[PDB]
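Letters A, B, ... are given to chains in the order of the sequence lines, protein chains preceding strands, and every chain is numbered from 1.
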Amino acid sequence: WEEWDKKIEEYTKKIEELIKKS
Amino acid sequence: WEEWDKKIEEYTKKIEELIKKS
Amino acid sequence: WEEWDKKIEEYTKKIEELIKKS
Amino acid sequence: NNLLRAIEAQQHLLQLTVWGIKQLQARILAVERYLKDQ
Amino acid sequence: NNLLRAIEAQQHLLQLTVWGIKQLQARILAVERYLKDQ
Amino acid sequence: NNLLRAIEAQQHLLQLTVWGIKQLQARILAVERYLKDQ
Ligand SMILES: [N+]
Ligand SMILES: [N+]
Ligand SMILES: [N+]
């Protein structure tokens with residue numbers, strides 16, 4: 001779950017920057 | 001969770017109308 | 001939940017093929 | 001267009017996760033209540 | 001553009017599911033620990 | 001193109017939520033079964 005927590009944060013940040021570039 | 005239930009319904013309705021406009 | 005498991009797999013496969021076609 | 005279809009399929013996936021989460025929340029609450037009542 | 005807005009709304013939905021899952025995981029663990037301690 | 005990448009990242013997020021939900025469902029069921037067997 002610590003590994004989960006981190007994958008979630010990583011893909012969330014990656015998504016928000018992509019939404020911004022779009 | 002009552003507040004959750006409502007945010008879910010709100011974003012679900014908003015998404016379905018956007019999918020329709022697209 | 002067996003029915004859930006199957007709907008998940010079905011929409012996951014459908015999504016991955018669409019991402020590929022895009 | 002395939003992009004829109006992707007998003008539609010993703011939306012079905014999301015509704016499946018919502019169904020799952022609501023089922024779990026009811027079940028955990030029933031267990032918490034059972035333990036409290038014991 | 002409506003496509004982007006869709007994706008943004010979907011992203012809010014996803015964050016709501018994450019919130020839900022984390023709440024459930026804490027609660028189930030508390031119950032497992034209670035049973036273990038009994 | 002950034003739009004497609006968004007959707008791909010969203011798809012990874014969704015698979016992470018599926019993993020989470022399945023883990024929770026197994027754990028809640030194990031607890032329900034433990035209580036039943038007691
Ligand atoms: N309660
Ligand atoms: N633990
Ligand atoms: N069962």
**Q** Do F/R27 and E/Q25 come close enough that some side-chain heavy atom pair is under 4.5 Å?
**A** yes
**Q** List in chain and number order the residues that pass side-chain hydrogen bond (donor to acceptor under 3.5 Å, both in side chains) with D/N2, two or more places apart in sequence or in another chain; answer none if no residue qualifies.
**A** D/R5
**Q** Whether A/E3 and A/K7 form a salt bridge (side-chain N of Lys/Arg under 4.0 Å from carboxylate O of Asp/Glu) is what I want to check.
**A** yes
**Q** Does F/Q11 reach the side chain of D/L13, with side-chain heavy atoms less than 4.5 Å apart?
**A** yes
**Q** Tell me the closest heavy-atom pair linking F/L16 and A/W4, and the distance in Å.
**A** O-NE1, 2.7 Å
**Q** Of A/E17, A/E16, A/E10, which is the lone residue that meets side chain to side chain contact (heavy atoms under 4.5 Å, CB included) with A/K14?
**A** A/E17
**Q** Less than 4.5 Å apart, any side-chain heavy atom of E/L29 and any of A/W1?
**A** no
**Q** Are F/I21 and D/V18 connected in a single hydrophobic cluster, I mean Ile/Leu/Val/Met/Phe/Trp/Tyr linked by side-chain heavy atoms less than 4.5 Å apart?
**A** yes
**Q** Determine whether D/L35 and D/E32 make a side-chain contact, defined as any pair of heavy atoms from C-beta on separated by less than 4.5 Å.
**A** no
**Q** Identify the two heavy atoms, one from D/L14 and one from D/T17, that lie closest to each other, and give their separation to 0.1 Å.
**A** O-OG1, 2.8 Å
**Q** Identify the heavy atoms of D/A9 and C/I15 that sit nearest to each other, and give their distance.
**A** CB-CG1, 3.3 Å
**Q** Decide side-chain contact (heavy atoms from CB on, under 4.5 Å) for E/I7 and D/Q10; before the verdict, give the C-alpha distance in whole Å, the side-chain angles of both, and the deciding distance to 0.1 Å.
**A** CA-CA 10 Å; E/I7 283 148; D/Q10 270 174 331; 5.9 Å; no
**Q** Closest approach of D/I28 and E/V31, non-hydrogen atoms and distance?
**A** CD1-CG2, 4.0 Å
